[PDB]
Colleague: 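Right, I'll just put the structure down here and ask away after.
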Number of protein chains: 4
Amino acid sequence: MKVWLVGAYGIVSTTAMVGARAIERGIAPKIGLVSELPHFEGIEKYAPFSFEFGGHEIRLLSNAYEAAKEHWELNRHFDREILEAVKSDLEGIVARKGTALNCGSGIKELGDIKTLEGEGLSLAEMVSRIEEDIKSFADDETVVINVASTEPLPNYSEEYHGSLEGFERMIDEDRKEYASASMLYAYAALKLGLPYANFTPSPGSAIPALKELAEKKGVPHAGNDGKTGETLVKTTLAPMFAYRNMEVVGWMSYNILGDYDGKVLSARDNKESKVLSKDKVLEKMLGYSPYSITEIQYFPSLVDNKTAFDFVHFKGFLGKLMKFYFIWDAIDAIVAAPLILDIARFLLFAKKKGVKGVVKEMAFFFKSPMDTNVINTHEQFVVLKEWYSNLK
Amino acid sequence: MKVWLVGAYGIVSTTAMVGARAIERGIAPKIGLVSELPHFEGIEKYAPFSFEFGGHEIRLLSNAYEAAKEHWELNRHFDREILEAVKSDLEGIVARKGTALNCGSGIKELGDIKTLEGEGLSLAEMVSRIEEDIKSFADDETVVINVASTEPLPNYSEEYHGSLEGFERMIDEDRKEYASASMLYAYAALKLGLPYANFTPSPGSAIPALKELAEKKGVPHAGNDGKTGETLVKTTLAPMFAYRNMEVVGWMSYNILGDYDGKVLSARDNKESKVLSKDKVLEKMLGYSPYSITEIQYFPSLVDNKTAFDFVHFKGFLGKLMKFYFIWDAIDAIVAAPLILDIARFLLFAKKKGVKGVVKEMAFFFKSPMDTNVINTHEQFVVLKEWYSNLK
Amino acid sequence: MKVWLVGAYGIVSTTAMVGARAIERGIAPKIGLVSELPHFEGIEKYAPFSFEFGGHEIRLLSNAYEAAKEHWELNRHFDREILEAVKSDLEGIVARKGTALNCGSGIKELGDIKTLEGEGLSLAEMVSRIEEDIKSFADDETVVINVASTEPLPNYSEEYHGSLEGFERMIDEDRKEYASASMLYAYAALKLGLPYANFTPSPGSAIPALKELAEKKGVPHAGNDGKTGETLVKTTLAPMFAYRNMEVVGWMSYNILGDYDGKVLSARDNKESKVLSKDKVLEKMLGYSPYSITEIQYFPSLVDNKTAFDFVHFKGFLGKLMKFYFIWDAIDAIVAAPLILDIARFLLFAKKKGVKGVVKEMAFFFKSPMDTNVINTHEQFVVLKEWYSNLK
Amino acid sequence: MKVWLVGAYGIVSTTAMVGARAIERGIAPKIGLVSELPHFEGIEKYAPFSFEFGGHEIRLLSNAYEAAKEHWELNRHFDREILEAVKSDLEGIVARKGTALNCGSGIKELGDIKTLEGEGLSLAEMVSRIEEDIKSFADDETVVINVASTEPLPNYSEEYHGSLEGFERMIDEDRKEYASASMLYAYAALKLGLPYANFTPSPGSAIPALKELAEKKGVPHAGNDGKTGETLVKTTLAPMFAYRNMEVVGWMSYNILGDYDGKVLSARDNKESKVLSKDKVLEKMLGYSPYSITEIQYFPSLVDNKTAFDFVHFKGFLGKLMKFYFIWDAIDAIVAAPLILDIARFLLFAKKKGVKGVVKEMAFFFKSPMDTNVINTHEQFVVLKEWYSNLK
Ligand SMILES: NC(=O)c1ccc[n+]([C@@H]2O[C@H](COP(=O)([O-])OP(=O)(O)OC[C@H]3O[C@@H](n4cnc5c(N)ncnc54)[C@H](O)[C@@H]3O)[C@@H](O)[C@H]2O)c1
Ligand SMILES: NC(=O)c1ccc[n+]([C@@H]2O[C@H](COP(=O)([O-])OP(=O)(O)OC[C@H]3O[C@@H](n4cnc5c(N)ncnc54)[C@H](O)[C@@H]3O)[C@@H](O)[C@H]2O)c1
Ligand SMILES: NC(=O)c1ccc[n+]([C@@H]2O[C@H](COP(=O)([O-])OP(=O)(O)OC[C@H]3O[C@@H](n4cnc5c(N)ncnc54)[C@H](O)[C@@H]3O)[C@@H](O)[C@H]2O)c1
Ligand SMILES: NC(=O)c1ccc[n+]([C@@H]2O[C@H](COP(=O)([O-])OP(=O)(O)OC[C@H]3O[C@@H](n4cnc5c(N)ncnc54)[C@H](O)[C@@H]3O)[C@@H](O)[C@H]2O)c1
Ligand code: NA
Ligand code: NA
């Protein structure tokens, strides 16, 4: 299959590329791949473990190898021998110039960038470039996945975001104020009939306009925002207090990281998207709102080793308060990268099975799953299992 | 209903007694009670929140109030005002002298004790005293629950434990070497046609002899070993690594506590029962065995504030190792006490619904659930929900 | 001796009052009191353990007992029996209306308040009321200690803060914009010839004007900002990396608390004072600046149980990065309250020994010690010991 | 200078060798080296940063490079580029066959071993081989340092360990039952007039016989047992509670590690030496004994990444209990290796300054410092500083 990655030179993106190729060359295990679990036996009939890559970027380096090595230098999150073995393949992946339209002040932290809007192009002309890039790459086994820096919350508009006609009016009128990069890539993917997933908390396809578009075009889509670490634990663990009829009175979630993701989320406007997505899961699972605090702070020496500190304050029998702590110490690109490969395969599977619109049953992958109040990790896993069985 | 508690002066036992009465007098919330969750609406048709108590003990204090206050003095795990309000009721609960037969060297740590076997009685004569105590108390709405100190692993015997005839032969021949206290209380309960649950990792009714007996008598029973804290988290959290196709390579579980439970488990023979029950859950959930260490150590200043330290070492994409820590800081009697009330109500419900033999669907309460490989907390909760719906 | 407490109805203040009296009535140990350590034998010649209290407040409750009980209800940080035993004594402590001039937006969180500036008084007239209150209480064995809510960083002024003449000009001209409450109480104390200590990060006497005043008047003073918990650990532990020639690359300090202190510090202007005081210690000890983040967030269920989460990222041999975590779980009023009693006794001792100006050797008590670059806890303790020996 | 390392193929030993050479070739910083701190300016007059290595082993691999690479493969605790750069130098370091006499059951975990006692040699003949090996290597700038696996507590003997004549009688009579390997290497070093340090909790030179010998020979020696991680923190942090007049009621110290050190300490007899050395520090600092538990458990996936979990339970004002947690996550060979280089330089310095007998002022390096009750890390550092200034 083929995967077009928005933010193709990022660490999540390059590590998926490194991993896919290491696994194909037979020099890496299949650990981390949800699509490789026993329940999904037979997926390879529809989506074999076979990947060609391209994508859009605003940080233009020569190729995906140079991009992968920049992240490897700082993080060393896989062996030098894996880097070397996949060098050839990754040198042939060259990203195209994308758009950073309305992606917030945090984009400044990426350093030297070049964008379509910087060239003076209108919305219609930007869409045409994005579509031409994708369609020149795409086949009938192609998916588009957004793994680009997290945008701020969009300037929402009922007219421009509430219907497909309103959104196409937005493009026609060149109303840039209401367009964000993530919307434009999602729009392009679906207009081309390509399945789409948004691994970030940027709006992407999660506006009514684009949900209408995906349905009309009969195209499957999924999102939003990869559930990889702290939020994974929160949605696995919060149900335990509910099952035991305990009241959660407080939940603290504090996250420190560096690298480009920590750099972008250092900006208050970009951060808000990620923070709300991490925070809001609690009420959906419990039925009520514990006092919750969720923060992300830049902490440069950790690079992509995002570390989370959580504290849960809870009541039990007779009103007695009790306390639970956790620390997650993990590399973000290592828990994220396989989910990109899994999302791509499950979208391809969904496409071939005639699935259209939001694939709500892929909620398991996401912190803010579209079209569903199923948040509990256990419930989401059962939904994913049962969905695949129903269509297999 | 009526509940006969083996180990009636213990902290789990007295706090269930304090709690039941506080809730009946309308001075405490219903927090902590699984049987009070919305899904179990209508349980009160079969098992209303209404409790009379008695039980067996080897530490003879005057009454359950004096017992409750001894634990309250050291722990202050509920308000002085709750203690005062329930004093009358608890002063009327007087335990009967039980048996500490083959309950290990840790029983020495309980201080001043008096037992049936100390009086020179044979197995048959001990059984008669235990039965007379229970039957003088029991009605058609009576359950027996074991919350006594954890025994060592029994001297197992195919002849004496493998069939009811073999076990009754054991009693007839006065073969004390193969009898443990917990077996004798379980035997007595079931011979009397009373539902039974074992909240400890002592063998109790979990031998083939007594499982045969419960079936023959048409009596429901449940166990073993309350899942309250660290093991609750382990069975909620370990599935997350499986769902995400990660390999757990190591899991460390270190527990410190004081009070009478920490005192008994300071002995190496008593400890082994609790340790194996906490440790063995991992393989059943994952399909394989991470290097696991599970310890319990005495740490007197914590009293009944059992604190657990866990560390999970796990592999993800490309073989990368990553790390997860947790600390549970809770009072053991507060997470355990409501489960005693819930177990009693669900046993009464099961009894009235014609349920007989091991109620395997009550696995949710237990670290070592009888007759089931369902260990995942989420799965167990669904099984409990669905079981109750099926019989309601 | 006599202690006039600014913020007399606060939890630190009332717990010092509760503690002093419990210890005098012989119903509490002397644990927590630095002045009770063997090295300080003979202090009781100059400052016996004997305390009468008064102070200023803006939250007017009837008396210090009602104030103490309000905090006890929420926190239960000492026994009901201690509360009862000291009720009489504390009912006779009645605070006087003080000033909340330029104490930031966080003061709004205190609820119902009444202030001198609210009555329409000028700076000169406010100073006269504050002085009249203190002088009506004071004797030759009286000290004034600031334990009031943390102010924002002041609008600094060279003219008005840089010399005593400039500060007295400020009062004469009624230039309120440059006066803060803490400055006015410190000014009043020193004008009256009374020793002064500032337990908060508010400016207090730590401006050149008031340092000049204390010297001229021959009056000892000490501050700023009680070092009680997280910062205590930081100044004990950071030296270990220096002694071992390790580079600290990052230090994260995250603090959650409730109660009135957490409420006031929820405001961004008030918070800044506390944050800088906690953060700045690192460079002074190490000679360089690790990337440091220090936050305080409101977390209401913890009440006065301030909990801190720290993470230290450090380099050792060959550049290898390594990691250290800590969690402090303590009640803030319990670690602070004895230091108020100790500060008072050491100020009285200093006064009687002819000490004047900043008592820099009391740095041990403080996060931002005036007139000293001695920050290491070990060094500060030796300085305090040696100071007392020199004057004994 | 020259350093003869007992246990020369171990990870602490090989990493000191790797580090020394990387630093000499100018490809590594001097981070981690206490002897490189500003206070020790001028040490290079007596002990320049210049090292030639040899030693004894029982695991015979071809050379120290092969040994270093075996540990590097599993741990990756320095760059492949450092490994490559020092390969030549380390290939020329070839260990000689030593003795594992009475080194406990844990020695079995080292795999394929060869020893002097296995050849049938008497004590006198073993001593001669050990001496011949060392003297063939040694010059006037040579030190011997023990970094071999931790032995069990020795079979102590007043006659054989209490005087030099008694110890030499032991050798003469071939009384193996009372000799341990570490004693024999220490004996040989001192008989040869070479300074000696013991980085392990094995007895080494810490018996009266060998202390008498070092004095008579006018030879400086130091030990015992490198203070590198958890115990470093404990001796830095415990003084904080004393300075603040708090009572420590409980201290838990739980350590997990793998590699060869974790393997040897998995044995109960070997473990006891390390456990007592880690545990006993508390009383010496505080004056009393908190309930303390100290454990080390094998946890193979961590390899040389020893992780420690500590919990401190402490009383403060009015008897209130409060709680402090810490987690140390570090590589043991990285914190240990520079101390070997520092110990060697400070021993050479001591030798040239006419120092003889136990260098008690090197206590800073050690968990069980010989001839001193100075345990507090801060105090030890001041003692080391002042010692060096006095002799410089
Ligand atoms: N576990 C995880 O790492 C995880 C989990 C959930 C969500 N996410 C989200 O995934 C995204 C990727 O994470 P990452 O660590 O790879 O960050 P990264 O910064 O290393 O990668 C993002 C890449 O996208 C590029 N980019 C930014 N805006 C773009 C635009 N509009 N068009 C094209 N390219 C653009 C950047 O130049 C960068 O190379 C982030 O938004 C992050 O918040 C990551
Ligand atoms: N969260 C929890 O507290 C928890 C969880 C799982 C299992 N358990 C188990 O529940 C049991 C009770 O815990 P606890 O904290 O109340 O301990 P406890 O020691 O305070 O209570 C046990 C009581 O039973 C008595 N006893 C011991 N052997 C007896 C015998 N053979 N016959 C009659 N009485 C006997 C003791 O005197 C004591 O009063 C223990 O076995 C414990 O391991 C507790
Ligand atoms: N361990 C600790 O608790 C600790 C450590 C260091 C510093 N501090 C500082 O000590 C102070 C007291 O802490 P607390 O927990 O008692 O808080 P608290 O809010 O319970 O006490 C402060 C009291 O002062 C009053 N107040 C505020 N402004 C005033 C003014 N200008 N004049 C007179 N009264 C005023 C408030 O009404 C309140 O009763 C805070 O500034 C805090 O940041 C506390
Ligand atoms: N931070 C630390 O790593 C640290 C701190 C304090 C003490 N120590 C102690 O230092 C020692 C070395 O630690 P390591 O991690 O290098 O362990 P290691 O097992 O990797 O090294 C010990 C080496 O000595 C060898 N050996 C064992 N007995 C011997 C004998 N009698 N004669 C000659 N060689 C012998 C072994 O074969 C091995 O190569 C251990 O005793 C350990 O407990 C280490
Ligand atoms: Na805690
Ligand atoms: Na870690």
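Every chain is numbered from 1, with letters handed out A, B, ... down the list of sequences. Quick note: numbers below take in every heavy atom, side chains included, and nothing from hydrogens, waters or symmetry partners.
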Colleague: More than 12 foreign heavy atoms under 6.0 Å from NZ of C/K284: is that the case here?
Modeller: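 Counting neighbours around NZ of C/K284, more than 12 heavy atoms of other residues, nucleotides or ligands fall under 6.0 Å, so yes.
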Colleague: Could you tell me the separation between the NE2 atom of C/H313 and the CD1 atom of A/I256, rounded to the nearest 0.5 Å?
Modeller: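 Reported to 0.5 Å precision, the distance equals 9.0 Å.
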Colleague: Who among A/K315, A/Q297, A/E295 has the most heavy-atom pairs with chain C under 4.5 Å?
Modeller: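 When all of A/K315, A/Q297, A/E295 are compared, A/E295 has the most.
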Colleague: Does CZ in A/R80 sit with more than 12 non-hydrogen atoms of other residues, nucleotides or ligands closer than 6.0 Å?
Modeller: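 More than 12 within 6.0 Å, yes.
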Colleague: Indicate the atoms forming the closest heavy-atom contact of C/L321 with A/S301, along with that distance.
Modeller: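 It is CD1-O, 4.4 Å.
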Colleague: Do C/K323 and A/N305 come within less than 4.5 Å of each other through their side chains, counting heavy atoms only?
Modeller: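 Result yes, sub-4.5 Å side-chain heavy-atom pair found.
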Colleague: Which atom pair, heavy atoms only, marks the closest approach of C/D310 to A/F309?
Modeller: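 Distance-wise, the nearest heavy atoms are O-CE2, 4.5 Å.
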Colleague: Which heavy atom of A/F299 sits nearest to which heavy atom of C/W251, and what is that distance?
Modeller: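 For A/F299 and C/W251, the tightest heavy-atom pair comes out as CZ-N, 3.6 Å.
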Colleague: Just so I know, are the side chains of A/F311 and C/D329 near enough to count as touching, which here means a heavy-atom distance under 4.5 Å?
Modeller: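 Side chain of A/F311 against side chain of C/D329, heavy atoms only: no contact under 4.5 Å found.
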Colleague: State whether the number of non-hydrogen atoms from other residues, nucleotides or ligands found under 6.0 Å of C/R76 atom CZ is greater than 12.
Modeller: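 Yes, the 6.0 Å shell around CZ holds more than 12 heavy atoms from other groups.
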Colleague: Counting only non-hydrogen atoms closer than 4.5 Å, does A/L302 touch chain C with its backbone (N, CA, C, O), its side chain (CB onward), both, or neither?
Modeller: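 Both backbone and side chain of A/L302 come within 4.5 Å of chain C.
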Colleague: What part of A/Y298 gets closer than 4.5 Å to chain C, counting heavy atoms only: side chain, backbone, both or neither?
Modeller: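 For A/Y298, the contact with chain C is made by backbone and side chain together.
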